[PDB]
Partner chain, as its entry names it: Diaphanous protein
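This document starts with one chain, in the form solved without its partner chain, laid out as structure tokens.
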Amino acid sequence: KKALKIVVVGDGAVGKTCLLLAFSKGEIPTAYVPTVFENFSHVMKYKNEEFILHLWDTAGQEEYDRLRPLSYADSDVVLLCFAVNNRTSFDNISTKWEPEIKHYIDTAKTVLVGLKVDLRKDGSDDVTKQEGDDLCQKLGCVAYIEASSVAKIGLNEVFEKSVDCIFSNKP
């Protein structure tokens, strides 16, 4: 079985837990509960095979900074998550998240994921697709993908690209 460990990191409340649950279960939590950590195992049928995804959920809050590195060992892919309506979370990718990840698991491939894309509107300085593409280039991510756990947009694409960058026949 082709398996991989995918870890999700990013500011508090960007939508990390909802991403994993909307992807793997097809529905999100009715009540928002901040994560300490959580590990899921999910079978995804893709390209005529079944892949075992070990999904590692982490705490976006800095109160848990000391604990989070405990989740990074042997990570195949890291999802650098921000919410497109929270520019601070976007900026924090470059200053906090990508560096933290490159410190503890520099061998993992990174995927930039712009969450809550359902909330994006002109005239509020939301993170645009171009900005995400620019950052993906700057940080050397495999891709920038936009998603909404609520509207069910881009969910499979996040995890298909995660599988691809590890097991595919091409970049």
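Positions refer to the first chain, counted from 1.
The discussion below concerns the form deposited with its partner chain bound, not included here.
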{"property": "Listed residue (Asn39, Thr107, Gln130, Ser124) with a non-hydrogen atom within 4.5 angstroms of its partner chain in the bound PDB entry", "result": "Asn39"}
{"property": "Interface residue in the bound PDB entry among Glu27, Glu62, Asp134, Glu50, criterion: non-hydrogen atom within 4.5 angstroms of its partner chain", "result": "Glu62"}
{"property": "Its partner chain contact at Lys96 in the bound PDB entry, heavy atom, 4.5 Å", "result": "yes"}
{"property": "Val43 within 4.5 Å of its partner chain in the bound PDB entry, heavy atoms", "result": "no"}
{"property": "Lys138 within 4.5 Å of its partner chain in the bound PDB entry, heavy atoms", "result": "no"}
{"property": "Contact label in the bound PDB entry: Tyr144 to its partner chain, heavy atom within 4.5 Å", "result": "no"}
{"property": "Candidate spot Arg66, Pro69 and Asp74, all three touching its partner chain in the bound PDB entry (heavy atom, 4.5 Å)", "result": "yes"}
{"property": "Within 4.5 Å of its partner chain in the bound PDB entry: residues from 42 to 57 (heavy atom criterion)", "result": "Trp56"}
